[PDB]
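**Student:** got the complex split up, this is the first portion:
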Amino acid sequence: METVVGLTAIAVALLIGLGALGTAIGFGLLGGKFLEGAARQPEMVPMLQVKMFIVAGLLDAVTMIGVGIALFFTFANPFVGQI
Amino acid sequence: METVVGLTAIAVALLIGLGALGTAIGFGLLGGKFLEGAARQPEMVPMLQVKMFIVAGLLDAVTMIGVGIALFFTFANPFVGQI
Amino acid sequence: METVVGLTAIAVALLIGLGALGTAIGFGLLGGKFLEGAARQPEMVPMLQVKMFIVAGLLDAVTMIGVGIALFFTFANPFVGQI
Amino acid sequence: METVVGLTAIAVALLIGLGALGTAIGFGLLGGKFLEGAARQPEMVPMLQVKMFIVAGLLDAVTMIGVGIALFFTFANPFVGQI
Amino acid sequence: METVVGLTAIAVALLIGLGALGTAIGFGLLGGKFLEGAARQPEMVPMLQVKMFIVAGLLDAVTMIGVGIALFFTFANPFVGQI
Amino acid sequence: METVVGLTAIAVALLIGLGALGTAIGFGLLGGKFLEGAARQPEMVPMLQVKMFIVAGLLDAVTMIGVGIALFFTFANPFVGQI
Amino acid sequence: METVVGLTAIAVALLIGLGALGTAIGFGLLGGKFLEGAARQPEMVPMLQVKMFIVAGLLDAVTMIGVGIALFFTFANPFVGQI
Amino acid sequence: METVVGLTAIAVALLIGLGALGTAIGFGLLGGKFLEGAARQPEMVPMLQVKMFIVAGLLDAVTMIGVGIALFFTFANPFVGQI
Amino acid sequence: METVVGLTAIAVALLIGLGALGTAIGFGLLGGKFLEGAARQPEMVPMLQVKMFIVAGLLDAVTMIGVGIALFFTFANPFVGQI
Amino acid sequence: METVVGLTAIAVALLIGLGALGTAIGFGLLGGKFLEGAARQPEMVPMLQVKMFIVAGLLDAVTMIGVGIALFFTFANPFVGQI
């Protein structure tokens, strides 16, 4: 039973870490490109901002799914009931 | 039964994490390029919009398949039946 | 027997995750370049998109095979019967 | 019990390390474009600084959660209580 | 006996997954520049395309060997008879 | 007791290595962009450098936290006291 | 005996997969710039092509060495002779 | 003592390898950008060079610390004293 | 000597695979810029190619050393003599 | 002592491989940028090359340190004596 708990902890760590790494890389690239676009012309700063928010709505979907699943695994445990 | 469930947990973790990282990187790049294109052509913002709204359809298909199979492995187990 | 099943599950997870990551990265890059090209030349959108599809199959075919094998490793198992 | 503690330590290490790597990569990518925009348009430095701070606010979202979970796992063990 | 079969399954998974990831990344990178070149010179599309095909061969040949070797391991395993 | 200490050492090594890799990549990108900006605008160097330092203030936070946690693990290891 | 065979199978898998990933990435990167140069100078494709072939000579040498070593391990495993 | 020393060796290897990889990538990017800047304006070489040296420090310090840790884990071993 | 031989085989595989991956990536990156320069300025092809060779050794030397080490670990084994 | 030697073999392999990969990637990027600069300014080739050599001085220091450490761990073994 201890091996199951340890592997569940490792699984949660992987779920959170990979999602955080991907989200950070994607948001860094998006922010750099948004800064370049804003520096190109300040008259479209607000609208473009909304657009990048739209990109965020697609950027971190699976990452939040993994974070939620890891939070469900840390406290609740469907694997323990399966023996 | 303990080892099978413990390894299935790591399997689900990898399935979610790799897909999340890939989708985050791809969406960040796509959103950055979309922002650059919108900055270049302010009057082409709507059309270009639907454009990447098609691209995401190809982008996350395999990731969503992986997330679905990971959920199927989390809440069901065809492996634990193989003994 | 249990170790073989667990390693097969890990194998399926690795296959699907790597395939999803590769497809997501390739599709993100391709969609970004297509967006840049469409923004530069709006009149060439109907043609260029077709060429994008020509790339898309080449981007996915091998990965598709992989995930197919993953399915062959989930509902079936040639490794179990070899013991 | 010992294996659980070792695997949770490895989990904390992965959680912090992947988050730090992603955060550093994203911050470098953002800062490069921020410096490019500041050099290109020296009169827009405050607005670009505010925008990059806003972007970094979203960038350090999952990394902070991962760091908090790692601290909770170092100073407490919900896995030990599960035997 | 079971360990050999499990490690062969892991080997097949790595063989297919790494090849799929590399193929997808390389094909996306090639397709982006192919789209850029097609947008630049629409009159050279019949030529450039076939040139890309040649590159595709060099992009896939080794990977094809991999997807052969894995198929040689799943069926008629050569490592089983060695022991 | 051996496994706990060995995995703690592996954890510290992973922490410091990932932190060093992330810091090196981010600082390399930031320094390259700073050098490009300084070359393009030689008279704007005194301000830009300062801005780069600000980026460093946000770039080394999580990595320094991880390094401190690794030092705390090596010198004041809390995992041994949890049996 | 069994562990040696399994580990050499994993070794062959890693040998082929890493080489395939590297050669795919390198050939995609080379082909993108080759297509860009051919599009820039349509009349210069007969020369540039053979030049890229020279690059292939420096690109696949280590990959061919690795795949040859993998085949030698698979069919004429020398590690089984040494225990 | 066997497992602790065996894992400390892997820890030192991971530390040094990750540090070398990160510093090599960062220094390559920094040197490429410095060469581009020097080529753009030959008369700014004496200044820009000094600037890059400062960046080198930010690219190296943390990595150097890791290297030191590796040395402290080679000739000395606090983990051995912890039993 | 069973585990020693197996881990030596894994070590050789990791060495050769990492060397091939790095060599392929570096040579592709170098060849892309070489082809771009040849396309832009046909009269500098005889010189630039030579310069590329000057880079190529620096790109390969260390990797070649690793390859040699792999050979020293394939047909010979200094680890077996240490029991 | 068997596992210690088996793990030090993997340690040496990782030490050489990661350093080789990083060195190859960094030198590929540096050579590409140097070729671009030489093509842009043929008259600045004698100077720029020298500068790139200075870059190599920073690029390969940690890689050479890791190679030396790997050679020391191969031809000698401080881990055998439990140090």
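**Tutor:** It's in. Numbering: from 1, shown residues only, chains lettered A, B, ... in the order given.

**Student:** going by C-alpha atoms from here, please, whenever you check contacts or count neighbours.
**Tutor:** Fine.

**Student:** give the contact list for residue A:67.
**Tutor:** Residues in contact with residue A:67 (CA atoms under 8 Å, 6 or more residues apart in numbering or on different chains) are A:15-16, A:19.

**Student:** distance check, it against residue I:83.
**Tutor:** 47 Å (CA to CA, to the nearest Å).

**Student:** so is stretch A:75-83 next to chain C?
**Tutor:** No: judged by CA under 8 Å from any CA of the partner chain, stretch A:75-83 and chain C are separated, with a smallest distance of 13.4 Å.

**Student:** please read the previous query as pertaining to stretch A:54-61.
**Tutor:** No: using CA under 8 Å from any CA, stretch A:54-61 stays clear of chain C, with a minimum separation of 11.5 Å.

**Student:** so residue A:34 touches residue B:32, yeah?
**Tutor:** Yes: under the criterion of CA atoms under 8 Å, residue A:34 makes contact with residue B:32 at 6.7 Å.

**Student:** who's more crowded, those two?
**Tutor:** When residue A:34 and residue B:32 are compared for neighbours, residue A:34 comes out ahead with 31 against 27, by other CA atoms under 10 Å in any protein chain shown.

**Student:** phi first, then psi, for that one.
**Tutor:** Phi and psi for residue A:34, reported as degrees, to the nearest 10, are phi -60, psi -40.

**Student:** wait, what's in contact with it?
**Tutor:** A:48-49, A:52, B:32, B:35-36.

**Student:** ok, for residue A:58, nearest residue in space, not its chain neighbours?
**Tutor:** In space, and not counting its chain neighbours, residue A:58 is closest to residue B:27: 6.7 Å by CA to CA, 6 or more residues apart in numbering or on different chains.

**Student:** name the SS class of that neighbour, please.
**Tutor:** helix (DSSP: H, G, I helix; E, B strand; the rest coil).

**Student:** how much space between it and chain J?
**Tutor:** 25 Å (CA to the nearest CA, to the nearest Å).

**Student:** just residue A:71 next, same as before
**Tutor:** 34 Å.

**Student:** residue A:54 and residue C:27, how far apart?
**Tutor:** Taking CA to CA as the measure, residue A:54 falls 19 Å from residue C:27.

**Student:** name the residue in these two with the higher neighbour count.
**Tutor:** For residue A:54 and residue C:27, the more surrounded residue by other CA under 10 Å is residue C:27, and the numbers stand at 36 against 12.

**Student:** kindly incorporate the sequence below as chain K:
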Amino acid sequence: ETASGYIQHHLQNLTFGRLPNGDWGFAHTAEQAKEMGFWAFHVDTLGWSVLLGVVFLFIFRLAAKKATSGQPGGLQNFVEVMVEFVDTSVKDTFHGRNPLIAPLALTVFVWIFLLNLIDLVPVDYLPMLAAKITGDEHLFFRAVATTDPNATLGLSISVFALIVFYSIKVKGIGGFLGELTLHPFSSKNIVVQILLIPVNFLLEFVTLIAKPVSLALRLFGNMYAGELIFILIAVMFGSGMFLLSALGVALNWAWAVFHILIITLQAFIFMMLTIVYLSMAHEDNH
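**Tutor:** Chain K added:
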């Protein structure tokens, strides 16, 4: 009571299904709810969704049955602003004469926003009011309908069914199968075009199946993660210490400030994706 038990109680829904003796009863334990088959209903989710939809429809009908067409009132100005925003969003992507796209997009957006707004209220206020009103100390009650994957799955299934129905209506089984198997790769030769159907079928089927799954799972995961973070922040106050509850309160303020924006963004993303997917049904992009 322990924190794990509190989290487990907050993670369980109210289930109505076929009891071992009689098809009339509410499950009292999680294992009893798992015993229920596919023919079970989550009373709280359906009730909250129906109540919010009815409230939205009544509010929008109040400002539509008496349209002044001149100087607008307070409520009708807001209704007109949202209607204009929806029309502008629709007209920028869909160019046809379909009269169903705009009302469907407006309904989806407002309904999702209302379903998400209820998550902002304190995690224990509504579950504890239901328990007092009912009189039970172990009643299960989850107010946030979007944390239940069933609602998002049903919305995605209905969107997919509408997409398929519209594509069929505009292309016949002819163009439907032609897009499914004969596009985007086509060849003049009979043998080549026959050999090219597997790749096209795989690509089109994979994308078509993956669309609604992603549409549902994005919202499902986001709101599940938000609700789990809120429940965990409640456990932070559960300790009872002084220096800890203030950090918990600050974290709650930050999380709510982020979550209102996330709530708006998720609804906007879902509406835009539905509009784009419906627009993709009527023309051919291949």
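
**Student:** the contacts of residue A:67 again please, chain K included this time.
**Tutor:** Here residue A:67 is in contact with A:15-16, A:19, K:225 (criterion: CA under 8 Å, 6+ apart).

**Student:** quick check: closest non-adjacent residue to the closest residue to chain J within chain K.
**Tutor:** Residue of chain K nearest chain J, by CA to the nearest CA: residue K:203 (34.8 Å). Residue nearest to residue K:203 in three dimensions, not counting chain neighbours: residue C:57, with 7.9 Å by CA to CA, 6+ apart.

**Student:** report the buried residues of the strand or helix carrying the one you found.
**Tutor:** Secondary structure assigned from DSSP states H and E places residue C:57 in helix C:45-72. Residues of helix C:45-72 classed as buried: C:45, C:48-49, C:51-53, C:55-64, C:66-67, C:69-70 (neighbour count, 16 or more other CA atoms under 10 Å in any protein chain shown).

**Student:** what's the neighbour count on residue K:17?
**Tutor:** There are 21 residues near residue K:17, going by other CA under 10 Å.

**Student:** how near is the nearest residue to it once chain neighbours are set aside to residue K:14?
**Tutor:** In space, and not counting its chain neighbours, residue K:17 is closest to residue K:40: 4.4 Å by CA to CA, 6+ apart. Applying CA to CA, the value for residue K:40 to residue K:14 is 10 Å.

**Student:** helices of the stretch 1-150 of chain K, start to end?
**Tutor:** Using DSSP state H, counting those that start in this stretch, the helices of the stretch 1-150 of chain K run over K:3-10, K:30-35, K:43-62, K:74-91, K:101-117, K:125-134, K:149-181.

**Student:** right, and residue K:106 touches residue K:86 too?
**Tutor:** Yes: using CA under 8 Å, residue K:106 is in contact with residue K:86, at 6.0 Å.

**Student:** export the helices of the stretch 1-150 of chain K to JSON lines and tack on distance to chain H and mean neighbour count?
**Tutor:** Output for the helices of the stretch 1-150 of chain K, formatted as JSON lines (distance: least, CA to the nearest CA, whole Å; neighbours: other CA atoms under 10 Å in any protein chain shown):
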{"stretch": "helix K:3-10", "distance to chain H": "34", "mean neighbour count": "15"}
{"stretch": "helix K:30-35", "distance to chain H": "44", "mean neighbour count": "14"}
{"stretch": "helix K:43-62", "distance to chain H": "50", "mean neighbour count": "16"}
{"stretch": "helix K:74-91", "distance to chain H": "43", "mean neighbour count": "15"}
{"stretch": "helix K:101-117", "distance to chain H": "43", "mean neighbour count": "19"}
{"stretch": "helix K:125-134", "distance to chain H": "49", "mean neighbour count": "13"}
{"stretch": "helix K:149-181", "distance to chain H": "41", "mean neighbour count": "16"}
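
**Student:** drop chain L onto that structure:
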Amino acid sequence: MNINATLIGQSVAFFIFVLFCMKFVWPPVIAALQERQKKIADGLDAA
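**Tutor:** Okay, chain L now, added to the rest:
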């Protein structure tokens, strides 16, 4: 977590709501907006 019949009933209600928005909400509002725009255009056509 638990796939049930709810995914049906929910969506059914969804459809009903959509139908109402297509019959009693959108048409009056768009008609009022178009009438206001027509009045504005008529006022602007005083030249």
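
**Student:** in light of the added chain L, please revisit the contacts of residue A:67.
**Tutor:** Residue A:67 neighbours (CA under 8 Å, 6+ apart): A:15-16, A:19, K:225.

**Student:** ditto for residue A:17
**Tutor:** Shown in contact with residue A:17 (CA under 8 Å, 6+ apart): B:17, D:14-19, D:63, D:66.

**Student:** excluding chain neighbours, give the residue nearest to the residue nearest the centre of chain A in space.
**Tutor:** Chain A has residue A:63 as the residue nearest its centroid, 3.1 Å off, counting by CA atoms, centre = their mean. Nearest residue to residue A:63 in three dimensions, chain neighbours excluded: residue A:19, at 4.7 Å (CA to CA, 6+ apart).

**Student:** sticking with that neighbour, tell me its helix or strand.
**Tutor:** helix A:2-40.

**Student:** can you give me the buried ones in that helix?
**Tutor:** A:2-40.

**Student:** off-centre distance for that helix?
**Tutor:** On the basis of CA atoms, centre = their mean, to the nearest Å, helix A:2-40 sits 5 Å off its chain's mean C-alpha point.

**Student:** and the gap between the closest residue to residue A:2 other than its chain neighbours and residue H:49?
**Tutor:** Nearest residue to residue A:2 in three dimensions, chain neighbours excluded: residue D:4, at 6.2 Å (CA to CA, 6+ apart). When distance is defined by CA to CA, residue D:4 is 51 Å away from residue H:49.

**Student:** do residue K:169 as well
**Tutor:** Counting by CA to CA, the gap from residue K:169 to residue H:49 is 68 Å.

**Student:** can you check residue K:247 too?
**Tutor:** The value you get for residue K:247 to residue H:49, if CA to CA is used, is 47 Å.

**Student:** now residue L:12
**Tutor:** For residue L:12, the distance to residue H:49 - CA to CA - is 69 Å.

**Student:** contacts only, for the residue nearest to the centre of chain A.
**Tutor:** Contacts for residue A:63 (CA under 8 Å, 6+ apart) come out as A:16, A:19-20, A:22-23, B:17, B:20-21, B:24.

**Student:** just checking, residue A:2 touches residue D:7?
**Tutor:** No: judged on CA under 8 Å, residue A:2 makes no contact with residue D:7 at a distance of 10.2 Å.

**Student:** ok so, going back, isn't the residue nearest to residue A:2 up against residue D:82?
**Tutor:** No: judged on CA under 8 Å, residue D:4 makes no contact with residue D:82 at a distance of 10.3 Å.
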